[PDB]
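Peer 1: First, the structure itself, so that you have it in front of you.
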Protein chains: 2
Amino acid sequence: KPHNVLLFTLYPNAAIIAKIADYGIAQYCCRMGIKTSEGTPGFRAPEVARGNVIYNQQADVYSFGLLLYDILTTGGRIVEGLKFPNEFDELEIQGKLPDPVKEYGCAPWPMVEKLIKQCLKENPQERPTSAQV
Amino acid sequence: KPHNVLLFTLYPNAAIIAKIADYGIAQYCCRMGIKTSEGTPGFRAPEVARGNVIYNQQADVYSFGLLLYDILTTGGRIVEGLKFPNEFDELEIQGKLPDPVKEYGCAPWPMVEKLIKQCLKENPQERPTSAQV
């Protein structure tokens with residue numbers, strides 16, 4: 001989520017800025033996948049939302065994509081999700097999300113809107129791996 | 001003065017933070033000294049204040065000392081100098097200045113209070129050179 005990302009400095013030309021915390025539901029996914037479905041609604045992969053699949057580490061890429069969608073449009077959809085958590089979760093699980101530039105009115109960043117269109121596909125095999133992102 | 005010093009970033013672990021500007025009265029002091037007395041009252045050396053001496057580059061060290069006195073006690077005396085510019089100039093020219101820790105109430109910094117006691121002496125020959133500071 002945009003809440004487990006910790007900022008250590010706001011100076012752009014630093015060496016360490018962002019860090020990751022809150023490893024409460026981190027598990028082991030070697031080759032066989034995972035059956036338990038956990039994660040905050042609205043930041044879950046489509047496979048994580050449903051409880052009838054065995055998903056792999058690549059379901060964590062979708063969440064990153066959502067994070068990059070919130071980083072891009074300054075957390076625009078998180079504010080609106082407070083009013084409608086049901087629509088929040090439904091759209092996050094489904095994948096029918098608005099174009100980030102069109103609605104929230106941000107300066108175009110065409111080389112990360114491509115990532116946001118890549119690592120949000122409903123098919124986990126098509127999303128880039130974490131080493132490719 | 002603490003007005004010709006320009007800040008380019010407030011991140012301590014940078015490479016360039018402070019810079020010097022406003023070279024309006026910068027002159028040439030090879031070996032023979034200078035006779036003209038110029039500079040903002042309250043930031044001048046004792047020799048600069050009087051107009052009957054031939055001072056050298058080391059009269060610019062005193063000003064630096066005053067700057068380090070304002071950097072230390074967060075520009076304490078500059079605020080009080082607005083109410084009494086005459087006392088401001090008189091004390092700056094004379095040299096009878098209060099102990100920075102005692103009056104303005106700052107955390108002790110004993111290795112820069114030594115500079116403020118060194119490069120504010122009434123005898124220009126005793127102050128450290130700019131390469132020693």
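Naming works like this for the structure tokens: A, B, ... for the chains as they're shown, residue 1 at the start of each chain, ligands 1 onward in shown order.
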Show me, as a list in words, the residues that have an atom within 6 Å of region 90-106 of chain B when counting only C-alpha atoms, minus same-chain residues fewer than 2 positions from it.

Peer 2: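 Once the adjacent positions are removed, what remains is residues 42, 46, 87 and 88 of chain B.
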
Peer 1: If we count only C-alpha atoms, what is near residue 28 (chain B) at a cut-off of 10 Å, once residues fewer than 6 positions away on the same chain are taken out, given as a ChimeraX atom specification?

Peer 2: /B:34,56-57

Peer 1: Could those residues be written to a file, using N, CA, C and O atoms, as a PDB file, in the first residue's frame?

Peer 2:
```
ATOM      1  N   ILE B  34      44.516  49.050   1.717  1.00  0.00           N
ATOM      2  CA  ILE B  34      43.399  49.815   1.165  1.00  0.00           C
ATOM      3  C   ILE B  34      43.133  51.014   2.067  1.00  0.00           C
ATOM      4  O   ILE B  34      43.243  50.914   3.292  1.00  0.00           O
ATOM      5  N   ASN B  56      44.204  45.764   5.426  1.00  0.00           N
ATOM      6  CA  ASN B  56      44.523  44.704   4.483  1.00  0.00           C
ATOM      7  C   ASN B  56      43.356  43.723   4.381  1.00  0.00           C
ATOM      8  O   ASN B  56      42.259  43.974   4.890  1.00  0.00           O
ATOM      9  N   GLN B  57      43.603  42.605   3.693  1.00  0.00           N
ATOM     10  CA  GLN B  57      42.580  41.585   3.497  1.00  0.00           C
ATOM     11  C   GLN B  57      42.088  40.989   4.809  1.00  0.00           C
ATOM     12  O   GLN B  57      40.970  40.468   4.859  1.00  0.00           O
TER      13      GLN B  57
END
```

Peer 1: Skipping near chain neighbours, those fewer than 2 positions away, what residues fall within 12 Å of residue 29 (chain A) using only C-alpha atoms, listed as a PyMOL selection string?

Peer 2: chain A and resi 26-27+31-36+54-60

Peer 1: Skip region 65-68 of chain B itself and residues of its chain fewer than 3 positions away, then list as number ranges by chain all residues within 9 Å of it, counting only C-alpha atoms.

Peer 2: B: 1-2, 42-44, 60-62, 71-73, 75, 92, 112-113, 115-120

Peer 1: For the selection just defined, write its residues with N, CA, C and O atoms to a file, as a CSV table (one decimal), in the first residue's frame.

Peer 2:
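So out19.csv came out as:
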```
chain,number,residue,atom,x,y,z
B,1,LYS,N,27.8,40.1,5.1
B,1,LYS,CA,26.6,40.1,5.9
B,1,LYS,C,25.9,38.7,5.8
B,1,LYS,O,26.2,37.9,4.9
B,2,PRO,N,25.0,38.4,6.8
B,2,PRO,CA,24.1,37.3,6.5
B,2,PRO,C,23.0,37.6,5.6
B,2,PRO,O,21.8,37.2,5.8
B,42,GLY,N,27.9,47.9,11.3
B,42,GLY,CA,27.5,46.7,12.0
B,42,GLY,C,28.1,45.4,11.6
B,42,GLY,O,28.2,44.5,12.4
B,43,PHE,N,28.7,45.4,10.4
B,43,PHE,CA,29.4,44.2,9.9
B,43,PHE,C,30.8,44.6,9.4
B,43,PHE,O,31.4,43.8,8.7
B,44,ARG,N,31.3,45.7,9.9
B,44,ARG,CA,32.7,46.2,9.5
B,44,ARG,C,33.7,45.8,10.6
B,44,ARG,O,33.4,45.7,11.8
B,60,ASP,N,38.7,41.5,6.4
B,60,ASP,CA,37.6,40.7,6.0
B,60,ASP,C,37.4,39.5,6.9
B,60,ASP,O,36.3,38.9,6.8
B,61,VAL,N,38.3,39.1,7.7
B,61,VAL,CA,38.2,38.0,8.6
B,61,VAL,C,37.2,38.4,9.8
B,61,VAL,O,36.4,37.6,10.2
B,62,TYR,N,37.4,39.6,10.3
B,62,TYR,CA,36.5,40.1,11.4
B,62,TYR,C,35.0,40.0,11.0
B,62,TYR,O,34.2,39.6,11.8
B,71,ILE,N,25.4,33.2,12.8
B,71,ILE,CA,25.1,31.8,12.5
B,71,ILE,C,24.9,31.0,13.8
B,71,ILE,O,24.0,30.2,13.9
B,72,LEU,N,25.8,31.3,14.7
B,72,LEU,CA,25.7,30.5,16.0
B,72,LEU,C,24.4,30.9,16.7
B,72,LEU,O,23.6,30.0,17.0
B,73,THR,N,24.2,32.1,17.1
B,73,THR,CA,23.1,32.5,17.9
B,73,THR,C,21.9,33.0,16.9
B,73,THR,O,21.3,34.0,17.2
B,75,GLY,N,21.2,34.6,14.3
B,75,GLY,CA,21.0,36.0,14.0
B,75,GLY,C,20.3,36.8,15.2
B,75,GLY,O,19.4,37.6,14.9
B,92,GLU,N,29.8,46.8,17.2
B,92,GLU,CA,30.5,46.1,16.1
B,92,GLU,C,31.9,46.7,15.9
B,92,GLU,O,32.9,45.9,15.7
B,112,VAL,N,33.8,26.7,18.2
B,112,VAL,CA,33.5,27.8,17.3
B,112,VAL,C,33.4,29.1,18.1
B,112,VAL,O,33.6,30.2,17.5
B,113,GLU,N,33.1,29.1,19.4
B,113,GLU,CA,33.3,30.3,20.3
B,113,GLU,C,34.7,30.7,20.4
B,113,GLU,O,35.0,31.8,20.7
B,115,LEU,N,36.9,30.6,17.8
B,115,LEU,CA,37.1,31.4,16.6
B,115,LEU,C,36.5,32.8,16.8
B,115,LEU,O,37.1,33.8,16.5
B,116,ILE,N,35.3,32.9,17.3
B,116,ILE,CA,34.6,34.1,17.6
B,116,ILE,C,35.4,34.9,18.6
B,116,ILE,O,35.4,36.2,18.6
B,117,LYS,N,36.2,34.3,19.5
B,117,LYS,CA,37.1,35.1,20.4
B,117,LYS,C,38.4,35.4,19.7
B,117,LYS,O,39.1,36.3,20.1
B,118,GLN,N,38.8,34.6,18.7
B,118,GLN,CA,40.0,34.8,18.0
B,118,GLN,C,39.8,35.9,16.9
B,118,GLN,O,40.5,36.9,16.9
B,119,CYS,N,39.0,35.6,15.9
B,119,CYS,CA,38.9,36.5,14.7
B,119,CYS,C,37.9,37.6,15.0
B,119,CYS,O,37.1,38.0,14.2
B,120,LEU,N,38.0,38.2,16.2
B,120,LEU,CA,37.3,39.5,16.5
B,120,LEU,C,38.2,40.4,17.3
B,120,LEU,O,37.7,41.4,17.9
```

Peer 1: Where does chain A meet chain B within 10 Å, residue by residue, with the nearest atom pair and distance in Å to one decimal for each, counting only C-alpha atoms, listed by chain and rising number, as a Markdown table?

Peer 2:
```
| residue | atom | partner | partner_atom | distance |
| --- | --- | --- | --- | --- |
| A:9 | CA | B:11 | CA | 9.1 |
| A:10 | CA | B:11 | CA | 9.1 |
| A:11 | CA | B:11 | CA | 6.9 |
| A:13 | CA | B:14 | CA | 8.8 |
| A:14 | CA | B:14 | CA | 8.7 |
```

Peer 1: Go ahead and write the residues just picked, N, CA, C and O atoms, as an mmCIF file, in the first residue's frame.

Peer 2:
```cif
data_model
loop_
_atom_site.group_PDB
_atom_site.id
_atom_site.type_symbol
_atom_site.label_atom_id
_atom_site.label_comp_id
_atom_site.auth_asym_id
_atom_site.auth_seq_id
_atom_site.Cartn_x
_atom_site.Cartn_y
_atom_site.Cartn_z
ATOM 1 N N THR A 9 14.059 10.608 3.443
ATOM 2 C CA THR A 9 14.471 11.954 3.070
ATOM 3 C C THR A 9 13.685 12.377 1.836
ATOM 4 O O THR A 9 13.273 11.540 1.030
ATOM 5 N N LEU A 10 13.459 13.683 1.714
ATOM 6 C CA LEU A 10 12.787 14.245 0.552
ATOM 7 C C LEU A 10 13.757 14.901 -0.420
ATOM 8 O O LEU A 10 13.319 15.588 -1.349
ATOM 9 N N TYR A 11 15.057 14.706 -0.229
ATOM 10 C CA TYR A 11 16.051 15.250 -1.145
ATOM 11 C C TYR A 11 16.241 14.293 -2.315
ATOM 12 O O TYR A 11 16.671 13.153 -2.102
ATOM 13 N N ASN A 13 18.359 13.843 -4.829
ATOM 14 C CA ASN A 13 19.685 13.304 -5.132
ATOM 15 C C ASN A 13 20.326 12.672 -3.901
ATOM 16 O O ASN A 13 21.464 12.969 -3.542
ATOM 17 N N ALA A 14 19.590 11.782 -3.245
ATOM 18 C CA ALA A 14 20.081 11.032 -2.105
ATOM 19 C C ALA A 14 20.493 9.630 -2.546
ATOM 20 O O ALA A 14 20.554 9.321 -3.740
#
```

Peer 1: When you draw a straight line from CA of residue 128 (chain A) to CA of residue 80 (chain A), how long is it in Å?

Peer 2: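 Between CA of residue 128 (chain A) and CA of residue 80 (chain A) the gap works out to 28.2 Å.
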
Peer 1: Would you pick out the contacts of residue 37 (chain A) at 7 Å or less, using only C-alpha atoms, so that residues sharing its chain but fewer than 2 positions from it are not included, and give the list as a PyMOL selection string?

Peer 2: chain A and resi 35+48-49+51

Peer 1: Give the answer as one residue: which of B:63, B:52, B:4, B:74 has the shortest atom-to-atom distance to residue 127 (chain B), using only C-alpha atoms?

Peer 2: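 For residue 127 (chain B), the nearest of the candidates is B:63.
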
Peer 1: Assign secondary structure with DSSP using the backbone only, and return the residues of chain A in helix (DSSP H, G or I) as a PyMOL selection string.

Peer 2: chain A and resi 46-49+59-72+76-83+85-94+100-104+110-118

Peer 1: Can you list, as a ChimeraX atom specification, every residue of chain B that DSSP puts in strand (DSSP E or B)?

Peer 2: /B:5-7,18-20,34,55
